[PDB]
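For reference, the structure is listed below as C-alpha cells.
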RNA sequence: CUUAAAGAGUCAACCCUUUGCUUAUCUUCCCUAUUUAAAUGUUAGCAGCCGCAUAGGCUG
C-alpha cells in the first residue's frame, strides 16, 4: 500500500508530541481518515515518535493534506508518496478508572451507588504504560490521553487512523 | 620455686545553730544586596455505548 510521511520538525519550543497530537487533531477534523486511511509511527520506543505515516490504499496526495495541515506548516515536513508492502498498524486501547464503570453499574444493572462501590472496591485500577497521544475531543468537551499499541492489520479503520476489531 | 612458705581487724556513733549584698549607671553612632531566568519531562490517562463481566471491542 502506498504511503506518505508527515514529520514534525522544529518543535523544540513546543514539545514534539504536542505538534504530533495537533497533527492528529487537524487530520481528524478536516476529514482525511474517512474509513480507510490509517496511521503508523516508525519510532515508538517510549515516545510516540515524530513521524505520522498515512498508508491509504487508494492513495494520498501531497496537495490535499498540505492544504489540510496549513496550520502546522511552520514546523511540518511532508515527504513524497512512497510505497510499502507492509505497514505496522496500531489500534486504540482505552483505560477505565473507578467511577467510569461505577456509572455503568448505575445505568446497566440499576443498582445503588453504595453497592456499586461494593462490587468494585477491591477491583479495577489498571495502568497503561503504552506510548500515547493527547487528544482534544470536540464532540465530548474534554481532552484526554489515547493509547496506541501493535495489533494485526484490519481492513477498516476509524476516523483517527487506528484499526477496527 | 619469687624477703618463697602463713595469717579474719573487728565494733560504735545527733555537727550544730544564727544570719539584710546592698548601692547608681546614656551603648551609639554609619549604611545600595544587587542583575538574570522556558519548568520541561506527551503532563494526561477521560466522557458513552456494545455488551453478563470490574473479559473483550467501538465512539471522539
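Hey, quick one: spin label on residue A:165, modelled 7 Å out along Cα-Cβ, who in the range A:82-117 has an amide N within reach, i.e. under 20 Å?
So the set is A:89-94.
What per residue convex hull volume, in Å³, comes out for chain A when only alpha-carbon positions are used?
Cα convex hull per residue, to the nearest whole number: 142 Å³.
Convert 37 °C to kelvin, take the viscosity as 0.692 mPa s, use the Kirkwood radius over C-alpha pairs of the range A:101-142 as Rh, and evaluate the Stokes-Einstein diffusion coefficient in µm²/s, rounded to a whole number.
254
In nm, give the distance between the simple-model label positions of residue A:74 and residue A:108, each being 7 Å from the Cα along the Cα-to-Cβ direction.
Modelled inter-label distance: 4.6 nm.
Apply 1/(1 + (r/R0)^6) to the Cβ-Cβ distance of residue A:1 and residue A:127, taking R0 = 45 Å, and write down the FRET efficiency to the nearest 0.05.
The computed FRET efficiency comes out at 0.85.
Of the listed peptides A:51-61, A:10-20, what is their order by residue-averaged count of other C-beta atoms within 10 Å, with the highest listed first?
Going by the mean number of other Cβ atoms within 10 Å, highest first, we get A:51-61, A:10-20.
If each residue of separation counts as 0.36 nm, what is the full-extension length gain between residue A:84 and residue A:98 once their alpha-carbon separation is subtracted?
Roughly 0.8 nm would be gained on extension.
Here the Cβ is made from the backbone with ideal geometry for all residues, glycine too, and neighbour counts use every protein chain on show. Only the coordinates and a few stated rules stand behind these numbers; no lab work does.
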